[PDB]
Amino acid sequence: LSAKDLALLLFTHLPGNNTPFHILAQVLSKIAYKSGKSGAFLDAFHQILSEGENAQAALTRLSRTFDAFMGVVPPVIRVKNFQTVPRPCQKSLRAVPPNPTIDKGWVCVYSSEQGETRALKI
Amino acid sequence: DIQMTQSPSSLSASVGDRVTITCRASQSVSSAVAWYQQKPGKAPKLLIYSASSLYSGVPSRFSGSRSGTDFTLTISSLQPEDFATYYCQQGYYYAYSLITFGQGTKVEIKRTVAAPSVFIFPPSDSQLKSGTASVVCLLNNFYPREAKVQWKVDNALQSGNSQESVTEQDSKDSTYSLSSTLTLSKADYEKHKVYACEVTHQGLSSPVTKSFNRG
Amino acid sequence: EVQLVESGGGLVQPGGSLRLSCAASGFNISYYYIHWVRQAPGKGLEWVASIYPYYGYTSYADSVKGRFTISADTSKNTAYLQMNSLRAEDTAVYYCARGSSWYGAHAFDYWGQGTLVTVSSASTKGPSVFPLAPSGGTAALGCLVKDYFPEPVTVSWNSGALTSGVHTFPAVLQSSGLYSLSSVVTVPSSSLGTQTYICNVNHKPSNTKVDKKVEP
Ligand SMILES: [Cl-]
């Protein structure tokens, strides 16, 4: 079960496109895989769906509680500028705080060519 | 009416030990049983639903199984933070179904015997001025829980005038601390000189006495 | 996210009435059971009552039948336990919980924080705080927090700055019916001349805040 395979499974549960939950699904799948915890992550995700919570809620809770993401610095996504950040995410862009981690709702750091940064907050 | 009989009522197990808690239904309840963990004075946490399904937020070392009317909670490798009372509970979702809890199983962390360090405290002048006397004996950082604390006043054994309190097991090293408090009227306190706390414990080669002389 | 927040706990006369509230968020209480479960001093969990608000199904433990009424306001997403003719044996921490299912079993997946109900004719009274004066290398000292009612009290040291070696004992009900407890700490003997030790005591029920300096 690869990072891409996990991301595609999660995508089948998410409405629309270019949403913060899509960025989060891709970030979490990559970290889950690299830590050797892809299967455990997917099982946890399915358990939360079984409780009647939607995938958006399941991904939010797992980002906050699943051990693979505890104290993990968000990944950098290179962009031309903060205008080429997917439109539905632009609302959620914030200044990068001192010690950003996935478990505090810091999904990624957008890094512009001019060398500026914003963080995606859920 | 359905009864859920848990066993054992209490158990001690070392970090890394496999723990098995049993819950027996008085008649068939299918697989309609849940397991909870409760820290003292805190909200219970759901561990297992439908006999064998792991709830969200529950580490992998927790598992549940069913054999007929016998329900088993298994902790594969006990951790120092796992001290708690564990409850089984039976119930169907059908309207007006009865909910039956087990009586609970208190899980204690077993460790290498540790002798208490012992301290005695006379009553403060402020308390004596207020017109009462409390003498406090402290047993610090010991294992196991079981200790005999005897009070002597001018070498006379005391009975029925002391109360003990014990801390929750340390979440890192699984030790206890204990207070024994002797309550005397100021009048009865001032009548005697030698106040002694005598501690008997598995970690002690010979009982330890801590004493002071009133004055 | 799903949570249950309780309110309405406190001290009540024997024969008196008290109403507990269980405020739900993150789900619709109409389609779940809301339960009350209590725990008396030195006892196990006792199931009290339940409601399924959509149909108004109510169920009660024999021990509270006739005296307790469970209800729900769906507009407020809140369930209530009306407790009448209260007795000493009703003294307990009261929890509410959500009853859920996956394929027909009944599990309590979300719990409120618990609220203490004390049924007593005893007066609210703040504690007296007495020093446990220090008497090789390490000294023990402390504060005796005596003769308060009801529970609870909190104790910190040096406004929370000192935590190493602190042991705050569970309250003990004295024969008198008033609570006491001690908080103790082990510190270097060398610090006794130089470092100040103050226990910060708070008995919220009586609005009693005391800071006691503990000297040798
Ligand atoms: Cl179920």
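Chain letters run A, B, ... following the sequence lines, proteins first and then strands; every chain starts at 1. All heavy atoms count here, side chains included; hydrogens, waters and symmetry mates do not.
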May I ask you to decide if C:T208's main-chain N or O and C:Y148's side chain share a donor-acceptor pair within less than 3.5 Å?
no
Using every non-hydrogen atom in the two residues, find where B:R61 and B:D82 come nearest and quote the distance to one decimal.
NH2-OD1, 2.7 Å
Do B:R24 and B:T69 get their side chains close enough for a donor-acceptor pair, meaning under 3.5 Å?
yes
Quick check against the 3.5 Å criterion: does C:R67 have a side-chain atom that pairs as donor or acceptor with the backbone of C:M83?
no
I'd like to know if A:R64 pairs up with A:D103 as an ion pair, taking the criterion as any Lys NZ or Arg NE/NH1/NH2 lying under 4.0 Å from an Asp or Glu carboxylate oxygen.
no
Rounded to the nearest 0.5 Å, how far apart are OG1 of B:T85 and CD of C:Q39?
7.5 Å
Step-by-step ring pair (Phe, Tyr, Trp, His ring centres under 6.0 Å) determination, C:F108 to B:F101
CA-CA 11 Å; C:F108 297 8; B:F101 276 92; 5.8 Å; yes
Are C:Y110 and C:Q3 packed together at the side-chain level, in the sense that at least one heavy-atom pair is separated by less than 4.5 angstrom?
no
B:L73 versus B:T22: any side-chain heavy-atom pair under 4.5 Å?
no
For the CZ atom of B:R18 and the OG atom of B:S76, what is their distance to the nearest 0.5 Å?
6.0 Å
For B:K172, does its backbone N or O pair with a side-chain atom of B:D170 as donor and acceptor, under 3.5 Å?
yes
I'd like to know if the side chain of C:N158 reaches the main chain of C:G160, judged simply by a donor and an acceptor atom lying under 3.5 Å from each other, with no hydrogens or angles considered.
no
Taking C:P150 as the fixed residue, which of C:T91, C:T124, C:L116, C:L178 is the one that meets the side chain to side chain contact (heavy atoms under 4.5 Å, CB included) rule?
C:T124
Taking every heavy atom of C:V155 against every heavy atom of C:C199, the minimum-distance pair comes out as CG1-CB, 4.2 Å
Flag side-chain contact, heavy atom, 4.5 Å: B:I21 against B:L11:
yes
Between C:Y197 and C:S191: side-chain donor-acceptor atoms closer than 3.5 Å:
yes
Between the side chains of B:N161 and B:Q158, does any donor sit under 3.5 Å from an acceptor?
yes
Between the side chain of B:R214 and the main-chain N/O of B:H192, is any donor-acceptor distance below 3.5 Å?
yes
Near A:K37 NZ, under 6.0 Å, is it more than 12 heavy atoms from other residues, nucleotides or ligands?
yes
With B:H201, which of B:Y143, B:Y176, B:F142 fulfils ring pair (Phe, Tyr, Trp, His ring centres under 6.0 Å)?
B:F142
So, B:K210 side chain and B:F121 main chain: donor-acceptor pair closer than 3.5 Å or not?
no
Does a side-chain N-to-carboxylate-O contact under 4.0 Å join B:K110 and B:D17?
no
Check: B:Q127/B:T132 side-chain N/O donor and acceptor closer than 3.5 Å:
yes
In Å and rounded to the nearest 0.5 Å, what is the CZ to OG distance from B:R145 to B:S12?
12.0 Å
Atom pair CG (B:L138) and CG (B:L178), whose distance is rounded to the nearest 0.5 Å
8.5 Å
Treating C:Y95 as the side-chain partner and B:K42 as the backbone partner, does any N or O pair qualify as donor plus acceptor under 3.5 Å?
yes
dist C:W157:CH2 -> C:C143:SG (nearest 0.5 Å) comes out at 4.0 Å
Between B:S162 and B:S180, which heavy-atom pair has the shortest distance, and what is it?
CB-OG, 4.0 Å
Would you say the side chain of C:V187 lies within less than 4.5 Å of the side chain of C:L141, judging by non-hydrogen atoms?
yes
Closest heavy-atom pair, C:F149 versus C:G177, reported as atoms and distance to 0.1 Å, is CD1-O, 3.5 Å
Judged by modelled atom types alone, do C:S128 and C:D147 share a side-chain donor-acceptor pair under 3.5 Å?
no
Look up atom CD in B:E81 and atom OG in B:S171, then write down how far apart they are to the nearest 0.5 Å.
7.5 Å
Any ion pair linking B:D154 and B:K191 (charged N to carboxylate O, less than 4.0 Å)?
no
Between B:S28 and B:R66 the two heavy atoms that sit nearest each other are OG-NH2, 4.4 Å
Least distance between heavy atoms, B:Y189 atom then B:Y195 atom
O-OH, 2.6 Å
Heavy-atom neighbours of C:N207 CG exceed 12 at 6.0 Å:
no
For C:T168, run the side-chain hydrogen bond (donor to acceptor under 3.5 Å, both in side chains) check against C:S182, C:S156, C:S183 and tell me which one passes.
C:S183
Might you confirm whether atom NZ of B:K152 has over 12 heavy atoms from other residues, nucleotides or ligands at distances under 6.0 Å?
yes
Any side-chain heavy atom of C:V64 sitting closer than 4.5 Å to one from C:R38?
yes
Is there a donor-acceptor contact under 3.5 Å linking the side chains of B:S124 and B:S126?
yes
Testing the 3.5 Å rule here: is there a donor-acceptor pair between the side chains of C:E6 and C:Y94?
no
Taking side chain as C-beta onward, heavy atoms only, is B:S134 less than 4.5 Å from B:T181?
yes
Closer than 3.5 angstrom, by distance alone: can the side chain of B:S185 be matched with the main-chain N or O of B:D188 as a donor-acceptor pair?
yes
Between the side chain of B:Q6 and the main-chain N/O of B:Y86, is any donor-acceptor distance below 3.5 Å?
yes
Can you establish whether the number of heavy atoms outside B:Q103 located under 6.0 Å from its atom CD is more than 12?
no
Close side-chain approach of B:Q38 to C:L45, heavy-atom, < 4.5 Å
yes
Heavy-atom count around B:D125 CG within 6.0 Å, excluding the residue itself: above 12?
no
Any donor-acceptor N/O pair, C:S17 side chain to C:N84 backbone, under 3.5 Å:
no
For C:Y179, does the six-membered ring have the charged nitrogen or CZ of C:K125 within the cation-pi criterion, i.e. under 6.0 angstrom from the centroid and within 45° of the normal?
no
